[PDB]
Amino acid sequence: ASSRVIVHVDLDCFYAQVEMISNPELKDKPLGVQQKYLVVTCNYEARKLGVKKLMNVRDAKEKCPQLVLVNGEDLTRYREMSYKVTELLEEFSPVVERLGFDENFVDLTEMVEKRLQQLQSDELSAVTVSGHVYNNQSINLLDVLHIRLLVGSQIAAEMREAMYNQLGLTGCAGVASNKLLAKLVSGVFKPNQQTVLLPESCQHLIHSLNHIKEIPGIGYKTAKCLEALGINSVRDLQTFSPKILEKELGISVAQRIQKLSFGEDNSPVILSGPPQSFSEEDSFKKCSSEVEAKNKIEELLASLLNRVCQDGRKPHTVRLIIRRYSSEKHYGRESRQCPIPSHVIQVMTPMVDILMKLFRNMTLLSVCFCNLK
DNA sequence: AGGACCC
DNA sequence: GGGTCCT
Ligand SMILES: Cc1cn([C@H]2C[C@H](O)[C@@H](COP(=O)(O)OP(=O)(O)OP(=O)(O)O)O2)c(=O)[nH]c1=O
Ligand SMILES: [Mg+2]
Ligand SMILES: [Mg+2]
């Protein structure tokens, strides 16, 4: 269990795709999915006209006045389609890890190997790639790692075809030897295309990034830290002192991100299975007076109860989350958590009242059920 | 409870 | 507007 073949599947303009399927009249029209003041995503017709992902509505309608907007605040249908995609992938190989609602990783290593043991010592020379080869790299048919990655590209093309034929969804895929690289390479040709990464082009792909924030795993805060240190390019990170990095970011953060800067990433694809929590949210800027609003909490609850039910298992914890107004105090939500009584597991009024007291203990209200069993 | 990451 | 795992 050394060399892996991993695929990262990444759907095209996911919420917009779901809305275009629901209302066929939105096809070939420029479309944005709105949540509050944000155009959270848009179809590719809208991107040709200047609309970017996560652009506020104002900027977006003055870049593109004719933009059709649909409301995407209720995630129900996106969430449903997202699990349909994961399940279809699980049918290929069971170990599928979700990332957000529209990305999945699958470890294809076992599948690839079983396909190779099936071919004769003749048709191995007929193995061909499906889709793009990153950096137009030459294939060496006597290189076993090349052969396995190409069989990985064929599986990926089968997955994308099944998604289209069974669920009507288009998506990109990237095939590589670990999750970092599969995820980086999946986005090289978009929309609705796939690319495979041969090992010799791994430095080319990593150095194609323009800042270390682009590395999945290095977030807003770590990037701000690395900068403070004079680290800006992937190369700066690759060459920087391991010791200074260690005694500055913790040993954990430091040795992992430095590895990532080389293209190295041993993390396993983890079976996501059923979700670990179920929540719903409501935003309203200045609107929570601090008493009048629990009617909101009752609404969040009623939706949640139907979902948490549906699932089969039951939650043993409830949590209440709030955010508060004033100045740009850039992070700071607050939560109170307590167990759910065992009487009340086996519905509304007692839940509403647990919530209200938790409220009393303490722009945004949400409820989250977790600790499912 | 809260932090940091992800989409 | 969701979601994960770690401290
Ligand atoms: C980053 C992000 C994504 N999303 C949602 C909208 C997207 O349709 C879905 C997947 O995110 P992404 O894959 O980044 O975006 P996308 O699928 O819409 O577009 P692309 O073709 O470039 O892949 O997640 C949010 O709601 N909020 C966020 O902050
Ligand atoms: Mg994505
Ligand atoms: Mg996507």
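In what follows, chains carry the letters A, B, and so on, assigned in the order in which the sequence lines appear, proteins first and then strands, with residues in each chain numbered from 1. Note that these values count all heavy atoms, side chains included, but never hydrogens, waters or copies made by symmetry.
Closest approach to the A:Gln337 side chain among B:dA1, B:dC5, C:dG1 is made by B:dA1 (side chain taken as heavy atoms from C-beta onward). Side-chain proximity of A:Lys183 to C:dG1, B:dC6, B:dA1: nearest is B:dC6.
Here the P atom of nucleotide B:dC6 and the CD1 atom of A:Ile215 are 11 Å apart, to the nearest Å. The NZ atom of A:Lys224 sits 16 Å away from the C1' atom of B:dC5 (whole-angstrom rounding). Rounded to whole Å, the distance from CG on A:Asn361 to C1' on B:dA1 is 12 Å. If you measure from atom CG of A:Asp102 to atom P of B:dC6, you get 15 Å, rounded to the nearest angstrom. Put simply, CD on A:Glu334 is 14 Å from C1' on B:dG3, counting in whole angstrom units. The CG atom of A:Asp282 sits 7 Å away from the P atom of C:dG1 (whole-angstrom rounding). In this structure, the OH atom of A:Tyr37 is 9 Å from the P atom of C:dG1, given to the nearest Å. The separation between A:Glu80 atom CD and C:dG2 atom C1' is 15 Å, rounded to whole Å.
Distances shown here put a side-chain N or O of A:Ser335 below 4.0 Å from the OP1 or OP2 atom of B:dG2.
Using the sign of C1'-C2'-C3'-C4' as the criterion, C:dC5 falls on the south side of the pucker cycle. The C1'-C2'-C3'-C4' torsion of B:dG2 is negative. Its sugar is therefore classed as south. Pucker check on C:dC6: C1'-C2'-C3'-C4' negative, sugar south.
Closest non-hydrogen pair, A:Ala46 versus A:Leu67, comes out as CB-CD1, 4.0 Å. The shortest heavy-atom contact between A:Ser3 and A:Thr109 is O-CG2, 3.4 Å. The two residues A:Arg4 and A:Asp265 have their closest heavy-atom pair at NH2-O, 3.2 Å.
Using a distance-only test at 3.5 Å, with no hydrogens or angles considered, no donor-acceptor pair links the side chain of A:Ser201 to the main chain of A:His204.
In this structure, A:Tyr15 has its ring center closer than 6.0 angstrom to the ring center of A:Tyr78.
Remark: the A:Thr317 side chain and the A:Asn371 side chain contain an N/O donor-acceptor pair separated by less than 3.5 Å. In summary, the side chains of A:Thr170 and A:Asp12 do present a donor paired with an acceptor at a separation below 3.5 Å, with no hydrogens or angles considered.
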Sort me out a list of protein N/O and nucleotides 3-7 of chain C N/O pairs below 3.5 Å, or just none if empty.
| unit_1 | atom_1 | unit_2 | atom_2 | d |
| --- | --- | --- | --- | --- |
| C:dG3 | OP1 | A:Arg307 | NH1 | 3.2 |
| C:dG3 | OP2 | A:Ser279 | N | 2.8 |
| C:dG3 | OP2 | A:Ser279 | O | 3.4 |
| C:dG3 | OP2 | A:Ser279 | OG | 2.9 |
| C:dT4 | OP1 | A:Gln276 | N | 2.9 |
| C:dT4 | OP2 | A:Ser277 | OG | 2.6 |

